[PDB]
Amino acid sequence: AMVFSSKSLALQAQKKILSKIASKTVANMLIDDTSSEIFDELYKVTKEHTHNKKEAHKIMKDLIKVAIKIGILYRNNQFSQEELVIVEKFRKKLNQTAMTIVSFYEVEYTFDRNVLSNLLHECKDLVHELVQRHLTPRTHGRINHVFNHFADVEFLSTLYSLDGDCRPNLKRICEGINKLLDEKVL
Amino acid sequence: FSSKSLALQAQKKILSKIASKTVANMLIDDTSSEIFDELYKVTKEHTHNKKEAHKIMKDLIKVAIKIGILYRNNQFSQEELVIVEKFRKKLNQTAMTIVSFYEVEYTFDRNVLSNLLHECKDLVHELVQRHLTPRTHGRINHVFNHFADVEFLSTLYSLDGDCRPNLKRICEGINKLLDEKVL
Ligand SMILES: [Cl-]
Ligand SMILES: [Cl-]
Ligand SMILES: [Cl-]
Ligand SMILES: [Cl-]
Ligand SMILES: [Cl-]
């Protein structure tokens with residue numbers, strides 16, 4: 001009874017396309033197991049700091065979304081020349097802040113929450129510049145929600161404070177970060 | 001909580017959304033899907049092999065989609081982008097000729113249209129030559145050798161045949177896409 005339909009053929013092909021995507025994605029994640037681990041730790045710290053399991057989940061969800069968005073733009077060459085210049089700037093800034101985080105951990109007396117806050121703000125601004133010509137509905141707000149939370153001096157003080165209960169987390173975080181610096185992911 | 005799980009999800013989702021929007025813009029469109037449906041009808045009426053018509057349209061749709069995805073994902077190199085522009089111009093020219101040959105009966109030259117179609121084929125081959133799967137090449141050939149075939153075109157344009165209403169619809173659709181600057 002059903003007659004020929006090109007729409008049907010197209011949707012049939014799309015089925016296979018979507019399966020292949022599922023595969024490729026599983027085999028080539030934009031986010032490393034190491035990068036994810038760091039994310040789980042920032043998650044736990046976020047929990048302890050906000051005592052709001054769901055605000056934590058929201059924050060991390062958003063962060064992962066923005067990250068994935070940037071990764072997809074960069075993998076699909078959506079970035080212009082100017083924008084690639086901004087990608088490099090962001091690479092540098094991110095390297096600086098990661099080493100600053102690790103150093104504030106490994107070397108006591110050096111931790112300044114204002115310095116690290118300032119750096120994270122610089123990261124945020126770079127991300128904004130990066131997605132200006134590519135901004136979906138929810139993004140801008142996700143960017144601010146994530147980076148304002150991580151550059152809040154009190155979150156940082158919580159993460160680093162010795163008289164706290166995150167020390168172990170900050171450690172695994174810095175271990176991860178050092179792995180990524182080594183592999184030159186960061 | 002597993003960031004790895006949320007990241008898996010999110011990446012799959014964005015990639016999938018992109019893929020399906022590409023498919024929708026290309027083929028799901030009403031005017032476009034109707035044109036392809038008519039092309040099916042005319043190739044069935046020309047071959048009297050339902051199955052073979054289906055195969056032709058299926059290769060057409062597979063190649064069309066493959067190219068749509070290479071395009072949206074910026075998978076084409078600079079030279080390749082030169083070739084895409086050339087292909088859009090050649091495809092535009094052949095659309096306009098399809099329409100003119102119909103609108104003005106006496107000006108129908110099956111060899112002109114055929115040669116335009118082979119030009120399109122050459123440009124498609126040139127365009128995907130570095131992005132082949134083990135079957136793309138032959139699909140391109142099957143489709144274009146079928147539509148460029150002078151006998152096919154004669155069946156399509158024959159004023160005494162039964163493909164005239166199809167042709168008229170095909171040309172209506174084509175005119176729509178021309179006006180929308182799709183084609
Ligand atoms: Cl969104
Ligand atoms: Cl290139
Ligand atoms: Cl005559
Ligand atoms: Cl004739
Ligand atoms: Cl005739």
# chains A, B, ... in the order shown; residues from 1 in each chain; ligands from 1
$ residues_near_ligand --ligand "ligand 3" --cutoff "10 Å" --atoms "only C-alpha atoms and all ligand atoms" --output "list in words"
residues 105, 106, 107 and 108 of chain B
$ write_last_selection --atoms "N, CA and C atoms" --output "mmCIF file, in the first residue's frame"
data_model
loop_
_atom_site.group_PDB
_atom_site.id
_atom_site.type_symbol
_atom_site.label_atom_id
_atom_site.label_comp_id
_atom_site.auth_asym_id
_atom_site.auth_seq_id
_atom_site.Cartn_x
_atom_site.Cartn_y
_atom_site.Cartn_z
ATOM 1 N N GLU B 105 8.345 24.058 -25.427
ATOM 2 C CA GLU B 105 8.388 22.717 -26.002
ATOM 3 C C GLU B 105 9.430 22.526 -27.102
ATOM 4 N N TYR B 106 9.310 23.305 -28.172
ATOM 5 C CA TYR B 106 10.135 23.118 -29.363
ATOM 6 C C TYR B 106 11.640 23.266 -29.139
ATOM 7 N N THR B 107 12.037 23.746 -27.968
ATOM 8 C CA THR B 107 13.454 23.964 -27.693
ATOM 9 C C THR B 107 14.072 22.845 -26.862
ATOM 10 N N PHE B 108 13.601 21.618 -27.055
ATOM 11 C CA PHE B 108 14.061 20.508 -26.231
ATOM 12 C C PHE B 108 15.125 19.688 -26.954
#
$ residues_around --residues "residue 37 (chain A)" --least-positions-apart "3" --cutoff "10 Å" --atoms "only C-alpha atoms" --output "PyMOL selection string"
(chain A and resi 31-34+40-43+172-173+176) or (chain B and resi 2-4)
$ residues_near_ligand --ligand "ligand 2" --cutoff "12 Å" --atoms "only C-alpha atoms and all ligand atoms" --output "list in words"
residues 77 of chain A; 74, 75, 76, 77, 78, 79, 80, 81 and 82 of chain B
$ interface_residues --of "chain A" --to "chain B" --cutoff "7 Å" --atoms "only C-alpha atoms" --output "PyMOL selection string"
chain A and resi 5-7+9-10+13-14+18+21-22+25-26+31+33+36+39-40+61+64-65+68+76-77
$ closest_atom_pairs --of "chain B" --to "ligand 4" --cutoff "9 Å" --atoms "only C-alpha atoms and all ligand atoms" --output "Markdown table"
| residue | atom | partner | partner_atom_place_in_ligand_line | distance |
| --- | --- | --- | --- | --- |
| B:108 | CA | ligand 4 | 1 (Cl) | 7.4 |
| B:109 | CA | ligand 4 | 1 (Cl) | 7.0 |
| B:110 | CA | ligand 4 | 1 (Cl) | 6.6 |
| B:150 | CA | ligand 4 | 1 (Cl) | 8.7 |
| B:151 | CA | ligand 4 | 1 (Cl) | 8.7 |
| B:153 | CA | ligand 4 | 1 (Cl) | 8.5 |
| B:154 | CA | ligand 4 | 1 (Cl) | 5.6 |
| B:155 | CA | ligand 4 | 1 (Cl) | 8.9 |
| B:157 | CA | ligand 4 | 1 (Cl) | 8.0 |
| B:158 | CA | ligand 4 | 1 (Cl) | 7.2 |
$ residues_around --residues "residue 138 (chain A)" --least-positions-apart "6" --cutoff "12 Å" --atoms "only C-alpha atoms" --output "NGL selection string"
:A and (62-63 or 65-66 or 69 or 131 or 144-145)
$ closest_atom_pairs --of "chain A" --to "ligand 1" --cutoff "7 Å" --atoms "only C-alpha atoms and all ligand atoms" --output "tab-separated table"
residue	atom	partner	partner_atom_place_in_ligand_line	distance
A:136	CA	ligand 1	1 (Cl)	5.5
A:137	CA	ligand 1	1 (Cl)	5.4
A:138	CA	ligand 1	1 (Cl)	4.1
A:139	CA	ligand 1	1 (Cl)	5.5
$ closest_residue --among "B:18, B:163, B:143, B:113" --to "ligand 5" --atoms "only C-alpha atoms and all ligand atoms"
B:163
$ closest_residue --among "A:44, A:75, A:134, A:184" --to "residue 28 (chain A)" --atoms "only C-alpha atoms"
A:75
$ atom_distance --atom1 "CA of residue 35 (chain A)" --atom2 "CA of residue 163 (chain A)"
26.8 Å
$ select_by_dssp --residues "chain B" --states "alpha helix (DSSP H)" --output "mmCIF file with C-alpha atoms, in the first residue's frame"
data_model
loop_
_atom_site.group_PDB
_atom_site.id
_atom_site.type_symbol
_atom_site.label_atom_id
_atom_site.label_comp_id
_atom_site.auth_asym_id
_atom_site.auth_seq_id
_atom_site.Cartn_x
_atom_site.Cartn_y
_atom_site.Cartn_z
ATOM 1 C CA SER B 3 31.216 13.628 33.649
ATOM 2 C CA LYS B 4 32.330 11.040 31.102
ATOM 3 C CA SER B 5 28.701 9.962 30.754
ATOM 4 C CA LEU B 6 27.324 13.492 30.450
ATOM 5 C CA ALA B 7 30.032 14.308 27.907
ATOM 6 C CA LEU B 8 29.257 11.181 25.891
ATOM 7 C CA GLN B 9 25.560 12.107 25.839
ATOM 8 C CA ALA B 10 26.154 15.774 25.012
ATOM 9 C CA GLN B 11 28.591 15.031 22.183
ATOM 10 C CA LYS B 12 26.332 12.393 20.640
ATOM 11 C CA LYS B 13 23.377 14.787 20.868
ATOM 12 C CA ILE B 14 25.016 17.825 19.296
ATOM 13 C CA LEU B 15 26.549 15.708 16.559
ATOM 14 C CA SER B 16 23.175 14.019 15.892
ATOM 15 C CA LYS B 17 21.230 17.250 15.882
ATOM 16 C CA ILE B 18 23.678 18.606 13.307
ATOM 17 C CA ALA B 19 23.339 15.452 11.171
ATOM 18 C CA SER B 20 19.538 15.400 11.136
ATOM 19 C CA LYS B 21 19.263 19.116 10.423
ATOM 20 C CA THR B 22 21.546 18.545 7.424
ATOM 21 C CA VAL B 23 19.261 15.746 6.234
ATOM 22 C CA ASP B 30 8.604 19.613 0.868
ATOM 23 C CA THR B 31 9.538 21.024 -2.537
ATOM 24 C CA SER B 32 12.713 18.945 -2.724
ATOM 25 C CA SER B 33 11.168 15.648 -1.627
ATOM 26 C CA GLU B 34 8.386 16.152 -4.170
ATOM 27 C CA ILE B 35 10.915 16.640 -6.967
ATOM 28 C CA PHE B 36 12.738 13.444 -6.020
ATOM 29 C CA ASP B 37 9.405 11.630 -5.768
ATOM 30 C CA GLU B 38 8.532 12.743 -9.305
ATOM 31 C CA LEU B 39 11.999 11.684 -10.526
ATOM 32 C CA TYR B 40 11.217 8.268 -9.105
ATOM 33 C CA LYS B 41 7.907 8.159 -10.916
ATOM 34 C CA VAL B 42 9.495 9.059 -14.247
ATOM 35 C CA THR B 43 12.338 6.530 -13.902
ATOM 36 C CA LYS B 44 9.847 3.813 -13.018
ATOM 37 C CA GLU B 45 7.728 4.758 -16.045
ATOM 38 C CA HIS B 46 10.897 4.610 -18.150
ATOM 39 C CA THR B 47 12.414 1.361 -16.895
ATOM 40 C CA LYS B 50 10.177 -0.545 -9.701
ATOM 41 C CA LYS B 51 13.140 -2.008 -7.831
ATOM 42 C CA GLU B 52 15.711 -0.425 -10.139
ATOM 43 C CA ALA B 53 14.005 2.969 -9.838
ATOM 44 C CA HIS B 54 14.175 2.527 -6.078
ATOM 45 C CA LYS B 55 17.912 1.725 -6.315
ATOM 46 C CA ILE B 56 18.638 4.781 -8.489
ATOM 47 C CA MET B 57 16.773 7.127 -6.093
ATOM 48 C CA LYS B 58 18.439 5.497 -3.111
ATOM 49 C CA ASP B 59 21.948 6.115 -4.532
ATOM 50 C CA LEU B 60 20.918 9.683 -5.432
ATOM 51 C CA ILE B 61 19.799 10.311 -1.864
ATOM 52 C CA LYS B 62 22.826 8.639 -0.298
ATOM 53 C CA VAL B 63 25.277 10.737 -2.368
ATOM 54 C CA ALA B 64 23.244 13.938 -1.873
ATOM 55 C CA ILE B 65 23.284 13.438 1.870
ATOM 56 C CA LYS B 66 26.980 12.490 1.989
ATOM 57 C CA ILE B 67 27.823 15.734 0.193
ATOM 58 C CA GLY B 68 25.433 17.754 2.409
ATOM 59 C CA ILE B 69 27.259 16.439 5.464
ATOM 60 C CA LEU B 70 30.744 17.066 4.051
ATOM 61 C CA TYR B 71 29.521 20.602 3.341
ATOM 62 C CA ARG B 72 27.938 21.484 6.700
ATOM 63 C CA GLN B 78 39.946 24.963 -0.467
ATOM 64 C CA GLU B 79 40.217 23.361 -3.937
ATOM 65 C CA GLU B 80 37.188 21.266 -2.999
ATOM 66 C CA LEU B 81 35.263 24.443 -2.148
ATOM 67 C CA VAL B 82 36.186 25.795 -5.632
ATOM 68 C CA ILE B 83 34.679 22.611 -7.047
ATOM 69 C CA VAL B 84 31.482 22.989 -4.897
ATOM 70 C CA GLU B 85 30.924 26.468 -6.293
ATOM 71 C CA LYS B 86 31.445 25.163 -9.838
ATOM 72 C CA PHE B 87 28.980 22.345 -9.102
ATOM 73 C CA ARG B 88 26.306 24.712 -7.802
ATOM 74 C CA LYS B 89 26.678 26.798 -10.957
ATOM 75 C CA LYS B 90 26.511 23.777 -13.244
ATOM 76 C CA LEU B 91 23.552 22.328 -11.300
ATOM 77 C CA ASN B 92 21.818 25.720 -11.473
ATOM 78 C CA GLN B 93 22.413 25.828 -15.210
ATOM 79 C CA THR B 94 20.992 22.361 -15.685
ATOM 80 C CA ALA B 95 17.930 23.210 -13.515
ATOM 81 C CA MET B 96 17.265 26.237 -15.686
ATOM 82 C CA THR B 97 17.622 24.148 -18.816
ATOM 83 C CA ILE B 98 15.220 21.497 -17.537
ATOM 84 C CA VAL B 99 12.712 24.269 -16.968
ATOM 85 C CA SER B 100 13.259 26.071 -20.300
ATOM 86 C CA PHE B 101 13.091 22.868 -22.342
ATOM 87 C CA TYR B 102 9.677 22.249 -20.798
ATOM 88 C CA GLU B 103 8.235 25.763 -20.739
ATOM 89 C CA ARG B 110 18.111 15.677 -25.314
ATOM 90 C CA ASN B 111 21.830 15.932 -26.103
ATOM 91 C CA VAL B 112 22.227 19.354 -24.545
ATOM 92 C CA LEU B 113 20.459 18.218 -21.353
ATOM 93 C CA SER B 114 22.413 14.968 -21.380
ATOM 94 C CA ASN B 115 25.739 16.768 -21.688
ATOM 95 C CA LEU B 116 24.787 19.173 -18.880
ATOM 96 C CA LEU B 117 24.031 16.086 -16.729
ATOM 97 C CA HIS B 118 27.388 14.475 -17.490
ATOM 98 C CA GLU B 119 29.074 17.785 -16.577
ATOM 99 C CA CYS B 120 27.242 17.611 -13.212
ATOM 100 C CA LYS B 121 28.455 14.029 -12.791
ATOM 101 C CA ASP B 122 32.086 14.990 -13.482
ATOM 102 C CA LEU B 123 31.875 17.794 -10.939
ATOM 103 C CA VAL B 124 30.345 15.463 -8.280
ATOM 104 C CA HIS B 125 33.133 12.908 -8.859
ATOM 105 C CA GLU B 126 35.792 15.642 -8.690
ATOM 106 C CA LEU B 127 34.135 16.919 -5.525
ATOM 107 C CA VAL B 128 34.107 13.655 -3.533
ATOM 108 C CA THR B 136 30.199 6.228 -3.609
ATOM 109 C CA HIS B 137 31.914 6.268 -7.006
ATOM 110 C CA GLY B 138 29.599 3.685 -8.544
ATOM 111 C CA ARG B 139 26.531 5.308 -6.992
ATOM 112 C CA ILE B 140 27.394 8.584 -8.689
ATOM 113 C CA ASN B 141 27.774 6.708 -11.959
ATOM 114 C CA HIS B 142 24.498 4.764 -11.629
ATOM 115 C CA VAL B 143 22.522 7.919 -10.911
ATOM 116 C CA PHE B 144 23.946 10.163 -13.551
ATOM 117 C CA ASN B 145 24.177 7.578 -16.313
ATOM 118 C CA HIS B 146 20.542 6.920 -15.650
ATOM 119 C CA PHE B 147 19.392 10.577 -15.779
ATOM 120 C CA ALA B 148 21.704 11.711 -18.572
ATOM 121 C CA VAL B 150 18.977 10.323 -23.918
ATOM 122 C CA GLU B 151 16.225 7.696 -24.021
ATOM 123 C CA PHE B 152 15.273 8.515 -20.471
ATOM 124 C CA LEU B 153 15.117 12.220 -21.334
ATOM 125 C CA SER B 154 12.992 11.424 -24.382
ATOM 126 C CA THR B 155 10.533 9.439 -22.228
ATOM 127 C CA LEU B 156 10.522 12.372 -19.808
ATOM 128 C CA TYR B 157 9.887 15.065 -22.392
ATOM 129 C CA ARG B 164 4.284 15.164 -18.910
ATOM 130 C CA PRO B 165 2.381 15.914 -15.702
ATOM 131 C CA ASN B 166 5.384 14.670 -13.721
ATOM 132 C CA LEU B 167 7.729 16.928 -15.757
ATOM 133 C CA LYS B 168 5.410 19.896 -15.205
ATOM 134 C CA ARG B 169 5.495 19.257 -11.447
ATOM 135 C CA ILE B 170 9.284 18.733 -11.427
ATOM 136 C CA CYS B 171 9.641 22.109 -13.173
ATOM 137 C CA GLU B 172 7.251 23.777 -10.736
ATOM 138 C CA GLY B 173 9.413 22.507 -7.860
ATOM 139 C CA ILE B 174 12.616 23.558 -9.620
ATOM 140 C CA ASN B 175 11.238 27.056 -10.190
ATOM 141 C CA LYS B 176 10.400 27.235 -6.503
ATOM 142 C CA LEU B 177 13.982 26.322 -5.520
ATOM 143 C CA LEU B 178 15.388 28.779 -8.052
ATOM 144 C CA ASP B 179 13.300 31.576 -6.599
#
